[PDB]
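**Student:** Following this message is one structure expressed as structure tokens.
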Amino acid sequence: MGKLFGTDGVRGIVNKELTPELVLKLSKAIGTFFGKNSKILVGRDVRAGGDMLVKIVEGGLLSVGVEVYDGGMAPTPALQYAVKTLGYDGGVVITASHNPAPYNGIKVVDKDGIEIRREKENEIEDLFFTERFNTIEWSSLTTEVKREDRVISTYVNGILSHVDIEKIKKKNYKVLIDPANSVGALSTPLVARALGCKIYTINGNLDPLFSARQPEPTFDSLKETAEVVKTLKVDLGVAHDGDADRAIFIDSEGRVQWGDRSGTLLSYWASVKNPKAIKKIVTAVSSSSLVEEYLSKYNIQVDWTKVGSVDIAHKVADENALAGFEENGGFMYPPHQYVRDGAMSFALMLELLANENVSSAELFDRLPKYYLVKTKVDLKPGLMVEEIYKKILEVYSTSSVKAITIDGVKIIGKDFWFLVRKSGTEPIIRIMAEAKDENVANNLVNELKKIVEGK
């Protein structure tokens, strides 16, 4: 996805592109990177190459003198939380995030609990290619991998430590949880149980085949669970992705809400819990401007940024922000941790919902309503994306609106906004735009499509 590393680690179809041989090499590199005698926690989500890959990684880390720990299956926020507060020097999670079932990959989390910074991906990448590995002598190759049984338990308690457990327990909520046949079923339901809810889970059994739906929660994949949400009259529903670092909700009406709608509501509650903290949150240009509208009437500035969760986690930390979030679910609550944490989100939601004494459906309605229209258009050869940018910019900019070119080109105007961004995976430019008036949005997309087409 680069030389190795993509947007969220190294990944590929298991036993084909992501082969045991590659992971074995990537492991000597990661191990050499952390150093001899470093304590590294290894965990995994539910995916297809699960066991095979954990054995390869462990074998790889021993060859380079790492003191290896096995944390079994768990949400990534959970594994990360473990390395963050349990003393580890870092960790490596076997996961392909949201990718379809045949994928799997390697995420590497640094000393702080967040995935390694990019400059570090390069160090590992260099080590991998130059093969400079701290391979150790036979006589010091005498260690067994140890077991780590505190990750889930430590995680849940950590999460529970930030919400009024009794207040919520009192509301005795009726919730539905869609862990997508994965690792999220080992913890979100546990947090629900502590907040005393009646719990219904769809796809709560572990199945690396993801038969019921794609692991990535989208209006399309949630289509059917949104149904059962309604048919079961639940007060709130929550869906996760493969390693549960994401959380998109479904209210009492049985309608799914997008990551930035709930990120905004959650970004709000975070200020209520910390008047002392710098009213200010971070979010990617992929997020609806609706966030500014709503957080504005609370003095919470929204710091726009590039697309990418790892980066956000760092920016939130680096600027001691209130919180951070992506439009795709995944919200960062600093007091807990800087990374996206689905269960953490589900818990905060039940709090916010509990203290407002309003239904999920109503709660969400308190937000600005915008209509989204998106599209993909191929990048014609002999046409540079920098030229498209230059154009739409000098045609849509105006002292009326405001432009953000930290990643592609985002334009924000009264009751409408858009983002034209170059894909890094496909030779395509994504065009998304929404407005309080569905027609000015559709129209917007059309105009943009033209310009992107080099007219």
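Per the header: X-ray crystallography, 2.8 Å.
Yeah, the Cβs are placed from backbone N, Cα and C, and that goes for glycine too.
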**Student:** Figure out which of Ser97, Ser397, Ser399, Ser400 sits with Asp241, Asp243, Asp245 in the Mg(2+) site per Swiss-Prot.
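**Tutor:** Matched candidate out of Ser97, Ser397, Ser399, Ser400, per Swiss-Prot for Mg(2+) with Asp241, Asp243, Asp245: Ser97.
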**Student:** Including all protein chains shown, what's the count of other C-beta atoms within 10 A of the C-beta of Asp245 (Mg(2+) binding site)?
**Tutor:** 35
**Student:** Where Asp241 (Mg(2+) binding site) and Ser97 (active site, phosphoserine intermediate) are concerned, what is their Cα separation in Å, rounded?
**Tutor:** 7
**Student:** Cβ-Cβ under 8 Å from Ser97 (active site, phosphoserine intermediate), same chain, 6 or more residues apart: which ones?
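**Tutor:** Listed in sequence order, they are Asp8, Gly9, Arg11, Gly105, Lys107, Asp241, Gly242, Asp243, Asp245.
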